[PDB]
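Below is one structure, written out as structure tokens; the observations come after it.
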Amino acid sequence: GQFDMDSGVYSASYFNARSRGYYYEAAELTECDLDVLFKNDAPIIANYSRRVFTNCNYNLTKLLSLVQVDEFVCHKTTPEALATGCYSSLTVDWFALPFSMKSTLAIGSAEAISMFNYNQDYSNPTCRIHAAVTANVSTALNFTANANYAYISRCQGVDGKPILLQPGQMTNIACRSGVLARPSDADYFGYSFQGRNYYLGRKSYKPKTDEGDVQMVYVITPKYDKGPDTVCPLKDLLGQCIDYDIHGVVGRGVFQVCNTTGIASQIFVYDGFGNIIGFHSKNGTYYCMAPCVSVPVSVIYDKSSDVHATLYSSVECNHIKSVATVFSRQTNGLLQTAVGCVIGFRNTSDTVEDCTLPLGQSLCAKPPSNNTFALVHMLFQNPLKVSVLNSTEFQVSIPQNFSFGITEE
Amino acid sequence: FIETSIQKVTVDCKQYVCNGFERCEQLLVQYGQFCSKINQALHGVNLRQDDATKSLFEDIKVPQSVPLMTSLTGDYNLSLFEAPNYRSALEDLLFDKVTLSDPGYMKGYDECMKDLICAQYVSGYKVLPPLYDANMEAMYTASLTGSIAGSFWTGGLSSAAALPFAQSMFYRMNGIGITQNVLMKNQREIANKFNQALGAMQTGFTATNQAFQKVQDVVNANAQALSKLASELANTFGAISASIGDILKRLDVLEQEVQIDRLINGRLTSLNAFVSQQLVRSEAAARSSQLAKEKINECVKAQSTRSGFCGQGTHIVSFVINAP
Amino acid sequence: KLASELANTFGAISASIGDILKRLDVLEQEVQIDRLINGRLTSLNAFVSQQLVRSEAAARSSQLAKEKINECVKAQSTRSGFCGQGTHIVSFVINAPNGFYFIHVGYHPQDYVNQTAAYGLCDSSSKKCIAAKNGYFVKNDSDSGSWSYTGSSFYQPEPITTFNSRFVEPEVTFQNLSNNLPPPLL
Amino acid sequence: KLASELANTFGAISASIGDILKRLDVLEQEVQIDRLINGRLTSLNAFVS
Amino acid sequence: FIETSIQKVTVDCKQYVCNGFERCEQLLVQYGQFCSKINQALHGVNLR
Amino acid sequence: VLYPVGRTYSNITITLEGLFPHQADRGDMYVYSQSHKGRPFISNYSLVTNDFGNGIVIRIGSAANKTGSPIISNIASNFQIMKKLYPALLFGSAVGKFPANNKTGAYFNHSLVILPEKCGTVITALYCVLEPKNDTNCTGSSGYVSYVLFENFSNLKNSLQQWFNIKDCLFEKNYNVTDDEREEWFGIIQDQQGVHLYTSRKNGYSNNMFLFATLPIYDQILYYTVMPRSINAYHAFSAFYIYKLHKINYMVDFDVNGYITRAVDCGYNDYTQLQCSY
Ligand SMILES: *[C@@H]1O[C@H](CO)[C@@H](O[C@@H]2O[C@H](CO)[C@@H](O[C@@H]3O[C@H](CO)[C@@H](O)[C@H](O)[C@@H]3O)[C@H](O)[C@H]2NC(C)=O)[C@H](O)[C@H]1NC(C)=O
Ligand SMILES: *[C@@H]1O[C@H](CO)[C@@H](O[C@@H]2O[C@H](CO)[C@@H](O[C@@H]3O[C@H](CO)[C@@H](O)[C@H](O)[C@@H]3O)[C@H](O)[C@H]2NC(C)=O)[C@H](O)[C@H]1NC(C)=O
Ligand SMILES: Nc1nc(=O)c2nc(CNc3ccc(C(=O)N[C@@H](CCC(=O)O)C(=O)O)cc3)cnc2[nH]1
Ligand SMILES: *[C@@H]1O[C@H](CO)[C@@H](O[C@@H]2O[C@H](CO)[C@@H](O)[C@H](O)[C@H]2NC(C)=O)[C@H](O)[C@H]1NC(C)=O
Ligand SMILES: CCCCC/C=C\C/C=C\CCCCCCCC(=O)O
Ligand SMILES: *[C@@H]1O[C@H](CO)[C@@H](O)[C@H](O)[C@H]1NC(C)=O
Ligand SMILES: *[C@@H]1O[C@H](CO)[C@@H](O)[C@H](O)[C@H]1NC(C)=O
Ligand SMILES: *[C@@H]1O[C@H](CO)[C@@H](O)[C@H](O)[C@H]1NC(C)=O
Ligand SMILES: *[C@@H]1O[C@H](CO)[C@@H](O)[C@H](O)[C@H]1NC(C)=O
Ligand SMILES: *[C@@H]1O[C@H](CO)[C@@H](O)[C@H](O)[C@H]1NC(C)=O
Ligand SMILES: *[C@@H]1O[C@H](CO)[C@@H](O)[C@H](O)[C@H]1NC(C)=O
Ligand SMILES: *[C@@H]1O[C@H](CO)[C@@H](O)[C@H](O)[C@H]1NC(C)=O
Ligand SMILES: *[C@@H]1O[C@H](CO)[C@@H](O)[C@H](O)[C@H]1NC(C)=O
Ligand SMILES: *[C@@H]1O[C@H](CO)[C@@H](O)[C@H](O)[C@H]1NC(C)=O
Ligand SMILES: *[C@@H]1O[C@H](CO)[C@@H](O)[C@H](O)[C@H]1NC(C)=O
Ligand SMILES: *[C@@H]1O[C@H](CO)[C@@H](O)[C@H](O)[C@H]1NC(C)=O
């Protein structure tokens, strides 16, 4: 962040490898039927329906063309992501509920819907979708809403302690069967379920409108786990940093023909930090992966001569070529050095004991004043040799002249 | 063992915090100007370390050395300190027995293409080479070892003398307080005791020796600092994922701001902790370098007349060996 | 750093409290002022930690300054390396903006000549044995039996007197002179 | 100083985890417990330094 | 007076951060891995 | 120990979180016996209903090629080599008593019945409702004691239908296994995504526990029983032990081929807690 700089061997920013290709695998997964949402009668909130979809593809444009979304509530995902990205599994909970009582499904609500009928789980990403199937679409399909719709306002044992619904679980079968057995509304009525008495509650509602529109609630739970991402929307090179999408897992890295490790059934091999370090593919071959690493770059600058040189630290100069398009728009003067090969330097045999631009292991950079530095070694000044006499006499080296030397600290 | 030099590390702040994503870089330049300050401080630390290394190796330099002192002795066996590289056999033993991984220079990146050595080019940091090669440090140590023949004697470093090691040891013990008659009576028992002491010293690089465990603990502390720096890129810091790409894929722009902001805050906290630790270790290295200069000029270049310094007992002679 | 770190937004919409109070509602104001508070408290903690580290460094340097004053300046040092390079002669103290500035005057030799020497001299007949103090007994250039005294830090061949030699217990490694004895042995 | 930073709310509704779990819903519990965790880890790191 | 020894303190990181709440412990292990490093450093200073 | 799902590792130590059992937990022991006099010889297993909790893991076999006691003959001269039998399991949500006799283990509504059909070569996971059949001295009468999946010695659904009614039957899934005499592990868990089964007859020759057969059962399983099983005629068979899974921390290690060789309970004593702490 300055324009008048001083001398020194600075450290510059890393330069990252770009993409040199694209790789794709999908294992050819078939379309899973999401028409079961619009096939049978619309479910009651008490007897709601759940389906889990795995190893399939879906066309979302057809699905959203059948409903009119009134309001969607998503946490940790967006509907754009569920139309673009892949994930491990898909869970759809759907039931009929009118829009006049959609605040009962809101978080923190004290209504009986959340604590007896549907308790949403928020430990994994979710989207609660309030949509309306219109009358024309309802007659185009076989979708109807002719059931007797009611929820559970009370699910209480003989103790009298309410039995609450845990998150991500279907309704308790005793209270479910007791509520759906009774044809009329009642806040408090007894029910004997297979030898045990229950006091229950029934309150009715109507999801159909005057136009004939059936108002629906869809709870979508995309699950993002490690490994293959086999639920994907219907969308339309060795040793190089290339982009990939093996089983819906998108990223960049370096691919190598590699010795097999781990279990071939589990496709992806992970490290201890949640990083894919390899994968198995079809035809029995194994590739072990690594992220595409970056070249460390150091800059040697001298203020007196206004000459700059560029040290690529600890890189073998052969490899510079492969990533030659990732540096600045100026980057030749090729020269191997013990601290990593460097550009901008002439190899010389001169030795200087004191230098102000040290490149590392007994190496320096002599100022030009040509228009380039000189690679010079550090000089170890040999002390004067004194020879041991093997007799009773001995050698001494006594000064004959001196000077008053000043040191300051 | 005296730890005189810290590990010199330069960290690229932009690559460490954002890993090349442009949205993160925009959010980070909206956050502040931390990276230039980090780079300047962490460059000043390395510059000070290089200056301290030069100031340390001026003291090891002698005006005169005897190249034939370690080989032309009496009954004393000083083959553990002979220059045959100028690295001695005890330096070879010490460097072989310590579990130190090779810092790649010249070809480290190429090997990483096809641990903590290959974690440099994927995290954002780089371990700088030392100021001197091990060979030149070996020349300095060999020249200092050859100069202890008459440095303790009446020539107070202005002149040099060429006493053999037997005569030098004889003068050392006398001035210690043993009479000359006793020393002349025992010219074989003393040499045998000195030789077996050096032999047990040679064999003694085990897990029981305290100084070798100090060397191993210093290497382990450097590795733990690098591992702590590298392993904090896998922390979510309360976000949905530790990767910027997953956040950009799954979330919308307003939520992406919050998730990238908490990741940026966590990684800047990691960088600040590393820089402060490097500053504290630099102060410790300065103190240990001053102690190293004092002990070289008192124990190696002379004979200590003060108790408790230059080891237990009463000091006779000292030698110095390069450590990792 | 302490002054310029106040300009950071720390993820907020602005680095100023007044703009946040003017633009956003109370619930958003709490969040923005909270992240600004967290950033500035982190800055204060970093400054205090830096002050503590420099305080320990200054304590170490103050101990070193006391030792160097009492050794280099009030007396003449005999321990090499300490009190500067070479053998110490005299030192001075100069005040500095944040400490002290020392100037050490040291004896630095320039030339060197190799010489032969002896641990001591004895007279065959009387076994009286002398050893040199603060110097060596070097051989003369015109005779094989004439010995002269020289200084340790300078070369000048001088006659051997009583004042530059001490009487010591005899050793087998002393030269047993027979003719042309020096005046202490004569 | 180590003991006195367990009473700091750090911008949350309370310094106690039990009050946060009693009052707020799950999504707000994550945020409040996260800022309390960040404050207490900052205190631990300051003590270790 | 010369201050030759520090006060040796061991802090249980999980108990200090979360006070034995399981939801907090889940959120802390989702946050990162800090308690092991704190225990290692704070045991190393006591050993030294 | 249940293998991690969807991924594998090699020569790494990880602190996994999930459903794991305790160290040195003496699980419940169940043995099947041969026919005594030409009539089934069974135990108290059908009238006792255990708690599913978070799931169970079963050590299958683990006692073959040893000297076994026929349960009808404690004399050591009658002792023979143990064979391998697969258990019949029954998982449900609501449990009461059969009306006619008042015997426990009625298992009303839908229930998951895991049967080792054929000569121990196919395992069948069928999910439906068992009602008593109005037959003399059988389920739903006055002279009923217990039900046996009685077999010969070289489909148990026919015996089950001889003791129950099969109606409202949602799926019937068959999985192919080989007849062996080895240690095996079997484990069942239930989550929001359904019922997950685990077995050791996946991949190469290990005691690990890999997922298969994600069943679409979403009502919460609360009870499990071991349906008694007998083989018509002296013979001896191995035992299986059932251990309960808990929500605990658990540190494991992998090898070269990607199999878990050793694990740590992380809470059994102070030393395992310290091992997890570091
Ligand atoms: C998801 O489902 C929708 C249906 O709702 C698909 O849209 C359909 O795409 C096909 C192929 O482009 C269209 O067929 C075309 O029809 C024209 C005449 O209209 C004909 O000239 C073309 O040769 C072609 O056959 C079809 O009209 C269109 N229908 C609708 C309602 O949009 C969509 O392609 C599906 N998405 C994916 C990724 O497959
Ligand atoms: C009872 O005896 C039978 C028969 O001896 C045992 O079955 C055998 O179990 C061993 C387990 O070590 C199997 O060995 C395996 O061989 C493969 C190569 O085929 C090798 O890669 C594995 O590492 C392993 O060593 C052996 O194949 C198997 N025999 C047969 C015929 O399948 C059974 O384990 C014994 N049961 C008990 C409880 O002792
Ligand atoms: N008909 C029949 N069925 C059987 O199951 C049976 N089992 C045995 C023997 N079964 C067993 C079971 C456990 C141990 C046992 O000692 N267990 C070890 C386990 C040690 C470990 O955990 O590694 C122990 O001592 O705890 C011995 C024999 C003999 N006859 C039989 N006969
Ligand atoms: C809850 O809804 C399910 C799904 O519609 C009902 O299950 C159906 O029950 C009928 C009558 O027994 C069968 O003919 C169907 O084959 C069943 N379908 C499925 C998918 O199981 C169930 O009966 C409802 N519960 C109540 C108490 O009415
Ligand atoms: C008549 C309601 C307003 C008056 C309430 C007065 C006193 C009650 C005080 C606190 C309870 C408020 C809970 C209301 C829940 C409504 C939101 C919902 O869960 O849908
Ligand atoms: C540079 O020059 C020196 C001396 O001439 C030589 O030893 C060295 O090999 C040269 N460098 C290369 C890469 O050849
Ligand atoms: C000196 O010591 C070395 C190493 O212990 C040994 O190899 C050598 O033989 C010894 N020499 C003598 C003369 O004892
Ligand atoms: C100096 O060294 C040379 C070569 O070893 C030797 O011949 C000469 O005698 C020495 N000088 C004296 C004064 O002994
Ligand atoms: C000097 O004389 C003594 C005898 O008094 C003898 O022991 C010694 O070896 C002699 N040293 C010489 C010859 O220099
Ligand atoms: C397994 O991992 C260890 C790491 O401790 C390693 O030493 C060993 O070589 C690995 N095994 C194989 C076959 O690579
Ligand atoms: C047998 O099972 C019944 C269940 O009805 C139980 O009450 C009894 O205690 C059990 N007896 C034994 C010995 O297990
Ligand atoms: C079952 O219990 C009821 C009431 O407890 C009783 O009337 C009936 O006789 C019992 N049945 C049998 C077979 O004992
Ligand atoms: C359970 O069974 C009873 C009677 O057998 C029935 O009334 C009830 O509807 C069933 N429950 C479910 C959820 O099917
Ligand atoms: C066993 O085999 C006999 C002869 O085929 C048959 O009559 C009997 O029903 C069989 N029993 C079973 C349980 O399979
Ligand atoms: C299972 O094994 C049977 C042989 O009994 C065979 O007919 C069937 O095709 C097999 N099924 C699969 C999926 O392998
Ligand atoms: C059991 O085996 C005996 C012996 O052959 C036979 O008489 C009897 O009919 C068999 N019973 C069944 C049910 O298979």
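Please note that chains go A, B, ... in the order of the structure tokens, that every chain numbers its residues from 1, and that ligands are numbered from 1 in the order shown.
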Contacts of ligand 8, 12 Å or closer, only C-alpha atoms and all ligand atoms, given as a PyMOL selection string: (chain A and resi 384-389+393-398) or (chain B and resi 162) or (chain C and resi 112-118+137-144+147)
Export, as a tab-separated table (two decimals), in the first residue's frame, the selected residues with N, CA and C atoms.
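The resulting file, selection_23.tsv, is reproduced below:
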```
chain	number	residue	atom	x	y	z
A	384	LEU	N	43.33	-17.13	10.09
A	384	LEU	CA	44.73	-17.44	9.86
A	384	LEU	C	45.11	-18.74	10.56
A	385	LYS	N	45.75	-19.64	9.82
A	385	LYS	CA	46.09	-20.95	10.35
A	385	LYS	C	47.32	-20.87	11.23
A	386	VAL	N	47.25	-21.53	12.39
A	386	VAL	CA	48.38	-21.68	13.29
A	386	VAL	C	48.65	-23.17	13.43
A	387	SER	N	49.91	-23.56	13.26
A	387	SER	CA	50.30	-24.96	13.22
A	387	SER	C	50.80	-25.40	14.59
A	388	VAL	N	50.35	-26.58	15.02
A	388	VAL	CA	50.79	-27.15	16.29
A	388	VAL	C	52.16	-27.79	16.11
A	389	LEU	N	53.11	-27.39	16.95
A	389	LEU	CA	54.42	-28.02	16.99
A	389	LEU	C	54.37	-29.22	17.93
A	393	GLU	N	58.17	-26.63	22.37
A	393	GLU	CA	57.85	-25.28	21.95
A	393	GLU	C	56.47	-25.25	21.30
A	394	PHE	N	55.94	-24.05	21.11
A	394	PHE	CA	54.61	-23.92	20.53
A	394	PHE	C	54.50	-22.60	19.79
A	395	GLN	N	53.66	-22.59	18.76
A	395	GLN	CA	53.51	-21.43	17.90
A	395	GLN	C	52.56	-20.41	18.50
A	396	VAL	N	52.89	-19.13	18.35
A	396	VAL	CA	52.01	-18.04	18.72
A	396	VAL	C	51.91	-17.06	17.56
A	397	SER	N	50.75	-16.42	17.44
A	397	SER	CA	50.52	-15.37	16.45
A	397	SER	C	50.25	-14.08	17.21
A	398	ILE	N	51.24	-13.21	17.25
A	398	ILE	CA	51.21	-11.98	18.04
A	398	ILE	C	50.99	-10.81	17.10
B	162	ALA	N	49.23	-22.10	20.14
B	162	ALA	CA	49.05	-23.41	19.52
B	162	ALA	C	49.40	-24.53	20.48
C	112	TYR	N	49.60	-9.74	11.83
C	112	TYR	CA	49.97	-10.86	12.68
C	112	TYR	C	51.23	-11.51	12.13
C	113	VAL	N	52.10	-11.95	13.03
C	113	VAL	CA	53.30	-12.70	12.67
C	113	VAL	C	53.39	-13.93	13.56
C	114	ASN	N	53.76	-15.06	12.96
C	114	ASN	CA	53.90	-16.29	13.71
C	114	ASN	C	55.26	-16.35	14.40
C	115	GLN	N	55.27	-16.85	15.63
C	115	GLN	CA	56.46	-16.89	16.45
C	115	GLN	C	56.50	-18.20	17.22
C	116	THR	N	57.71	-18.62	17.58
C	116	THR	CA	57.87	-19.76	18.47
C	116	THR	C	58.03	-19.27	19.90
C	117	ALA	N	57.60	-20.10	20.85
C	117	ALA	CA	57.53	-19.69	22.24
C	117	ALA	C	57.86	-20.88	23.13
C	118	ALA	N	57.91	-20.63	24.43
C	118	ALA	CA	58.16	-21.66	25.42
C	118	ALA	C	57.23	-21.47	26.60
C	137	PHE	N	57.58	-15.90	26.04
C	137	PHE	CA	59.03	-15.92	25.84
C	137	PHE	C	59.29	-16.36	24.41
C	138	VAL	N	59.67	-15.43	23.55
C	138	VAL	CA	59.88	-15.71	22.14
C	138	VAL	C	61.38	-15.79	21.85
C	139	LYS	N	61.73	-16.59	20.85
C	139	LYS	CA	63.12	-16.78	20.47
C	139	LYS	C	63.65	-15.57	19.72
C	140	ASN	N	64.95	-15.32	19.87
C	140	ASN	CA	65.60	-14.23	19.17
C	140	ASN	C	65.92	-14.62	17.74
C	141	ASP	N	66.01	-13.62	16.87
C	141	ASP	CA	66.21	-13.84	15.45
C	141	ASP	C	67.68	-14.05	15.07
C	142	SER	N	68.61	-13.79	15.98
C	142	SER	CA	70.03	-13.89	15.68
C	142	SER	C	70.75	-14.96	16.50
C	143	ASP	N	70.04	-15.71	17.34
C	143	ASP	CA	70.66	-16.75	18.14
C	143	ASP	C	69.63	-17.84	18.41
C	144	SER	N	70.14	-19.04	18.69
C	144	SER	CA	69.31	-20.19	19.00
C	144	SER	C	69.15	-20.41	20.50
C	147	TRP	N	66.49	-15.69	24.40
C	147	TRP	CA	65.05	-15.57	24.53
C	147	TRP	C	64.70	-14.16	24.96
```
Using only C-alpha atoms and all ligand atoms, which residues have at least one atom no more than 12 Å from ligand 14? Output them as a PyMOL selection string. chain F and resi 34-35+38-40+117-119+148-160+162+229-233
Any chance you could export the current selection's N, CA, C and O atoms as a JSON list (two decimals), in the first residue's frame?
```json
[["chain", "number", "residue", "atom", "x", "y", "z"],
["F", 34, "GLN", "N", -33.39, -77.33, 19.31],
["F", 34, "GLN", "CA", -33.99, -78.35, 18.47],
["F", 34, "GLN", "C", -35.27, -78.88, 19.11],
["F", 34, "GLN", "O", -35.60, -78.57, 20.26],
["F", 35, "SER", "N", -36.00, -79.69, 18.35],
["F", 35, "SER", "CA", -37.22, -80.29, 18.86],
["F", 35, "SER", "C", -36.90, -81.32, 19.94],
["F", 35, "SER", "O", -35.92, -82.06, 19.85],
["F", 38, "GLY", "N", -40.40, -84.33, 19.16],
["F", 38, "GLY", "CA", -41.23, -84.18, 17.98],
["F", 38, "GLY", "C", -42.14, -82.97, 18.05],
["F", 38, "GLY", "O", -42.96, -82.78, 17.14],
["F", 39, "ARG", "N", -42.03, -82.17, 19.10],
["F", 39, "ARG", "CA", -42.74, -80.93, 19.32],
["F", 39, "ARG", "C", -41.74, -79.81, 19.58],
["F", 39, "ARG", "O", -40.62, -80.07, 20.04],
["F", 40, "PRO", "N", -42.08, -78.56, 19.23],
["F", 40, "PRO", "CA", -41.12, -77.46, 19.38],
["F", 40, "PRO", "C", -40.69, -77.24, 20.82],
["F", 40, "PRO", "O", -41.48, -77.37, 21.76],
["F", 117, "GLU", "N", -35.67, -66.50, 5.38],
["F", 117, "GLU", "CA", -36.40, -67.52, 4.65],
["F", 117, "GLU", "C", -35.43, -68.50, 3.98],
["F", 117, "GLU", "O", -34.21, -68.33, 4.04],
["F", 118, "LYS", "N", -36.00, -69.53, 3.33],
["F", 118, "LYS", "CA", -35.27, -70.60, 2.66],
["F", 118, "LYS", "C", -34.33, -71.31, 3.63],
["F", 118, "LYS", "O", -34.51, -71.24, 4.85],
["F", 119, "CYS", "N", -33.34, -72.03, 3.10],
["F", 119, "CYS", "CA", -32.33, -72.66, 3.94],
["F", 119, "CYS", "C", -31.26, -71.67, 4.37],
["F", 119, "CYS", "O", -30.06, -71.92, 4.18],
["F", 148, "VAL", "N", -44.21, -70.58, 17.31],
["F", 148, "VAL", "CA", -42.89, -71.03, 16.89],
["F", 148, "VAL", "C", -42.82, -70.99, 15.37],
["F", 148, "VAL", "O", -43.75, -71.43, 14.69],
["F", 149, "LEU", "N", -41.71, -70.47, 14.85],
["F", 149, "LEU", "CA", -41.39, -70.58, 13.43],
["F", 149, "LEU", "C", -40.65, -71.90, 13.23],
["F", 149, "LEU", "O", -39.43, -71.96, 13.09],
["F", 150, "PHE", "N", -41.43, -72.98, 13.23],
["F", 150, "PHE", "CA", -40.89, -74.33, 13.26],
["F", 150, "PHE", "C", -40.36, -74.69, 11.88],
["F", 150, "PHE", "O", -41.02, -74.43, 10.87],
["F", 151, "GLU", "N", -39.16, -75.26, 11.83],
["F", 151, "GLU", "CA", -38.48, -75.56, 10.57],
["F", 151, "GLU", "C", -37.94, -76.99, 10.61],
["F", 151, "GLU", "O", -37.85, -77.61, 11.67],
["F", 152, "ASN", "N", -37.62, -77.52, 9.44],
["F", 152, "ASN", "CA", -36.97, -78.81, 9.31],
["F", 152, "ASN", "C", -35.45, -78.64, 9.27],
["F", 152, "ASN", "O", -34.92, -77.53, 9.25],
["F", 153, "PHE", "N", -34.77, -79.78, 9.23],
["F", 153, "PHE", "CA", -33.33, -79.75, 9.12],
["F", 153, "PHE", "C", -32.98, -80.32, 7.74],
["F", 153, "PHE", "O", -33.58, -81.29, 7.30],
["F", 154, "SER", "N", -32.03, -79.73, 7.06],
["F", 154, "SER", "CA", -31.60, -80.10, 5.71],
["F", 154, "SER", "C", -31.18, -81.57, 5.59],
["F", 154, "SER", "O", -31.38, -82.20, 4.55],
["F", 155, "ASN", "N", -39.62, -71.64, 3.81],
["F", 155, "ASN", "CA", -40.20, -70.34, 4.11],
["F", 155, "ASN", "C", -40.91, -70.33, 5.45],
["F", 155, "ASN", "O", -41.91, -71.02, 5.65],
["F", 156, "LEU", "N", -40.38, -69.54, 6.38],
["F", 156, "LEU", "CA", -41.02, -69.37, 7.68],
["F", 156, "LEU", "C", -42.26, -68.49, 7.61],
["F", 156, "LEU", "O", -43.00, -68.41, 8.60],
["F", 157, "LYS", "N", -42.49, -67.81, 6.49],
["F", 157, "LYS", "CA", -43.70, -67.01, 6.32],
["F", 157, "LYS", "C", -44.95, -67.89, 6.37],
["F", 157, "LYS", "O", -46.00, -67.45, 6.83],
["F", 158, "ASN", "N", -44.84, -69.14, 5.90],
["F", 158, "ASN", "CA", -45.97, -70.06, 5.98],
["F", 158, "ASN", "C", -46.30, -70.42, 7.43],
["F", 158, "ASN", "O", -47.47, -70.52, 7.80],
["F", 159, "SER", "N", -45.27, -70.62, 8.26],
["F", 159, "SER", "CA", -45.51, -70.83, 9.69],
["F", 159, "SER", "C", -46.08, -69.58, 10.35],
["F", 159, "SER", "O", -46.95, -69.66, 11.23],
["F", 160, "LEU", "N", -45.58, -68.41, 9.95],
["F", 160, "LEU", "CA", -46.10, -67.15, 10.49],
["F", 160, "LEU", "C", -47.57, -66.98, 10.13],
["F", 160, "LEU", "O", -48.38, -66.54, 10.96],
["F", 162, "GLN", "N", -49.47, -69.51, 9.55],
["F", 162, "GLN", "CA", -50.12, -70.50, 10.39],
["F", 162, "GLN", "C", -50.39, -69.98, 11.79],
["F", 162, "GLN", "O", -51.27, -70.51, 12.48],
["F", 229, "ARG", "N", -37.59, -69.88, 17.45],
["F", 229, "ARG", "CA", -37.32, -70.65, 16.25],
["F", 229, "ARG", "C", -36.79, -72.01, 16.67],
["F", 229, "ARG", "O", -35.92, -72.10, 17.54],
["F", 230, "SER", "N", -37.33, -73.07, 16.08],
["F", 230, "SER", "CA", -36.91, -74.43, 16.40],
["F", 230, "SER", "C", -36.79, -75.25, 15.14],
["F", 230, "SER", "O", -37.45, -74.98, 14.13],
["F", 231, "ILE", "N", -35.93, -76.27, 15.20],
["F", 231, "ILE", "CA", -35.66, -77.15, 14.07],
["F", 231, "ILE", "C", -35.96, -78.58, 14.49],
["F", 231, "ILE", "O", -35.46, -79.05, 15.52],
["F", 232, "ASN", "N", -36.78, -79.27, 13.70],
["F", 232, "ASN", "CA", -37.14, -80.65, 13.99],
["F", 232, "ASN", "C", -35.93, -81.56, 13.84],
["F", 232, "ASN", "O", -35.08, -81.36, 12.97],
["F", 233, "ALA", "N", -35.86, -82.57, 14.71],
["F", 233, "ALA", "CA", -34.73, -83.49, 14.71],
["F", 233, "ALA", "C", -34.79, -84.45, 13.52],
["F", 233, "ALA", "O", -33.77, -84.73, 12.90]]
```
Once you count only C-alpha atoms, which residues of chain C turn out to be within 7 Å of chain A? Could you give them as a list in words?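 Selected residues: residues 84, 85, 101, 102, 103, 104, 105, 106, 107, 108, 109, 110, 111, 112, 113, 114, 115, 116, 117, 118, 152, 153, 154, 155 and 173 of chain C.
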With a cut-off of 9 Å and counting only C-alpha atoms, select all residues of chain E in contact with chain F and give the selection as JSON, numbers by chain. {"E": [35, 36, 37, 39, 40]}
Smallest atom-to-atom distance to chain B: which of C:25, C:5, C:158, C:67, using only C-alpha atoms? C:5
Could you check which of B:115, B:252, B:92, B:82 is closest to chain A, using only C-alpha atoms?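 Result for the nearest residue to chain A: B:252.
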Within 7 Å of ligand 2, counting only C-alpha atoms and all ligand atoms, residues as a PyMOL selection string: chain F and resi 61-65+180-183+205
May I have the selected residues written with C-alpha atoms, as a tab-separated table (two decimals), in the first residue's frame?
```tsv
chain	number	residue	atom	x	y	z
F	61	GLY	CA	-23.11	-66.52	15.36
F	62	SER	CA	-19.68	-65.89	16.95
F	63	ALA	CA	-19.74	-69.35	18.61
F	64	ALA	CA	-19.55	-71.77	15.68
F	65	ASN	CA	-16.99	-74.62	15.59
F	180	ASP	CA	-21.97	-69.79	6.00
F	181	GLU	CA	-20.80	-70.63	9.53
F	182	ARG	CA	-19.19	-67.34	10.48
F	183	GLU	CA	-19.40	-64.35	12.78
F	205	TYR	CA	-14.19	-60.28	4.99
```
Would you mind listing what lies within 12 Å of residue 28 (chain D) as a VMD selection string, with only C-alpha atoms counted and same-chain residues fewer than 5 positions away left out? (chain A and resid 107 to 108 122) or (chain D and resid 12 to 13 20 to 23 33 to 35)
Can you tell me, as an MDAnalysis selection string, what residues are no more than 12 Å from residue 39 (chain C) when counting only C-alpha atoms, ignoring any on the same chain fewer than 5 positions away? (chainID B and resid 31:32 265 268:269) or (chainID C and resid 2 5:12 15 32:34 44:46)
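Shortest atom-to-atom contact with chain A among D:2, D:27, D:48, D:17: D:27, counting only C-alpha atoms.
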